[PDB]
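Listed here are the chains, written in short residue letters.
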Amino acid sequence: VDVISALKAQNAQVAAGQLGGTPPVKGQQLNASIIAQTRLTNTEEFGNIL
Amino acid sequence: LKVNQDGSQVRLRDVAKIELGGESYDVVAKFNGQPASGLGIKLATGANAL
Amino acid sequence: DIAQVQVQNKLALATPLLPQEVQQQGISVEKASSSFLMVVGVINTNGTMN
Amino acid sequence: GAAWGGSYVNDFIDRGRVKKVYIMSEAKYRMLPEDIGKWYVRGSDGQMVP
């Protein structure tokens, strides 16, 4: 059960929005999407799960 | 939202600014420079335009 | 109509391979167009409503 | 169920393809009925129970 819980928690997707997203502050000039993808790809990352 | 140990209670007023606003602020339409909203109607396939 | 039915069948076949996140959202199969037949805009002449 | 039959926990991205993640016992520990005794379940007191 603990292994299942850890594995479910480790991989996910984050809708991190954007810098300067709408509604923006007056005078904003940079709009960049925020990417925070803490995803695990190879075997060692899975093995490294706490 | 929370009740402090002294009995004081904090509500959404205290930590936020509740307000009626749009679902999304991405799309802004102007008609001859006047603030306006509209519907972009697409014809269904194989239907009479008139 | 038959094209939409066949597309739905193929999409049903391909859905399980998709991420669970996109399966929750729900995929849409619809007859599509490219250009707007008509744009009907709404303004408030009194300049009262944003 | 997870130990003997296996469980599909979630997905992961490998070379830009969604792939499943399964957990199951290593084969040595799920072959014979005597292997049941090798599995322990945590109790509320924190003591693993055969």
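- Method information in the entry identifies cryo-EM as the source of the structure, with 2.96 Å recorded as the resolution.

Topic: the arrangement of the chains
Line of reasoning, step 1. Contacts are most numerous, across the four pairs of chains in contact, for chains B and C.
Line of reasoning, step 2. Looking at chain A next to chain C, you find no contact at all, with the nearest C-alpha pair sitting 9 Å apart.
Line of reasoning, step 3. Here chain B and chain D are not in contact; the least distance found between their C-alpha atoms is 30 Å.

Looking at the layout of surface pockets
To find the voids left in a structure, one rolls a probe of water-molecule size over its atoms.
Line of reasoning, step 1. The space that makes up the largest pocket amounts to roughly 690 Å³.
Line of reasoning, step 2. Forming the walls of the largest pocket are 23 residues, and the residues nearest its centre are B:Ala29, B:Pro35, B:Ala36, B:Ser37 and C:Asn50.
Line of reasoning, step 3. Elements that contribute at least two residues to the lining of the largest pocket include exactly β3 (29-31) and β4 (34-41) of chain B together with β1 (38-43) of chain C.
Line of reasoning, step 4. Broken down by element, the residue count for the lining of the largest pocket peaks at six residues, all from β4(B).
Line of reasoning, step 5. One number sums up the size of the second largest pocket: a volume of about 490 Å³.
Line of reasoning, step 6. Contributing to the lining of the second largest pocket are 15 residues, with A:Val1, A:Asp2, D:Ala2, D:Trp39 and D:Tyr40 lying nearest its centre.
Line of reasoning, step 7. Residue contributions to the lining of the second largest pocket peak at three residues, all from helix α1 (residues 2-10) of chain A.

Side note on a nonpolar patch on the surface
Line of reasoning, step 1. Taken together, the side chains of B:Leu39, B:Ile41, C:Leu37, C:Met38, C:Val40 and C:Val42 make up a nonpolar region of the molecular surface, amounting to roughly 510 Å² of accessible area.
Line of reasoning, step 2. Of all the secondary structure elements, the ones that give two or more residues to the nonpolar patch are β4 of chain B together with β1 of chain C.
Line of reasoning, step 3. No other element matches the three residues that β1(C) contributes to the nonpolar patch.
Line of reasoning, step 4. With respect to the helices and strands, C:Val42 occurs in strand β1.
Line of reasoning, step 5. Here C:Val42 falls in the exposed class, since its relative accessible area comes to 55%.

Some details on the sheet that holds β3(B)
Line of reasoning, step 1. Ordered in space as β3(B)-β4(B)-β1(C), the three strands form an open sheet in which the pairing is antiparallel. Two strands in the sheet have a free side with no partner beyond their single neighbour: β3 of chain B together with β1 of chain C. Here the average twist between neighbouring strands, direction ignored, is 50°.
Line of reasoning, step 2. Judged from the six bridges that link them, β4(B) and β1(C) form a sheet pairing that is antiparallel. Pairing of B:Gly38 across the sheet is with C:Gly41, part of β1(C).

The rules behind the values
- Residues numbered from 1 in each chain as written, not as in the entry; some residues may be left out.
- Chains lettered and ligands numbered in written order.
- Part of a larger assembly, values for the part shown.
- Heavy atoms only, no water.
- Contact = heavy atoms within 4.5 Å.
- 1 Å grid on protein atoms, 1.4 Å probe; cavity = no way out; pocket = protein on both sides within 12 Å on 5 of 7 lines; lining within 4 Å.
- Points joined across faces, edges and corners; volume = space filled by probe spheres on them.
- Helix = DSSP H or I, 4+ residues; strand = E, 2+ residues; numbered from the N terminus.
- Patch = residues over 30% accessible without salt bridge, like charges linked within 9 Å, V, L, I, M, F, W, Y side chains within 5 Å.
- Areas by Shrake-Rupley, 256 points an atom, 1.4 Å probe, with all protein chains shown as cover.
- Salt bridge = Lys/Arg side-chain N within 4 Å of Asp/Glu carboxyl O.
- Buried < 20%, exposed > 50% of the residue type's maximum accessible area, 1.4 Å probe, protein only.
- Pairing = 2+ DSSP bridges.
- Axes fitted to C-alpha atoms, helices over the stretch in contact; angles between N-to-C directions.

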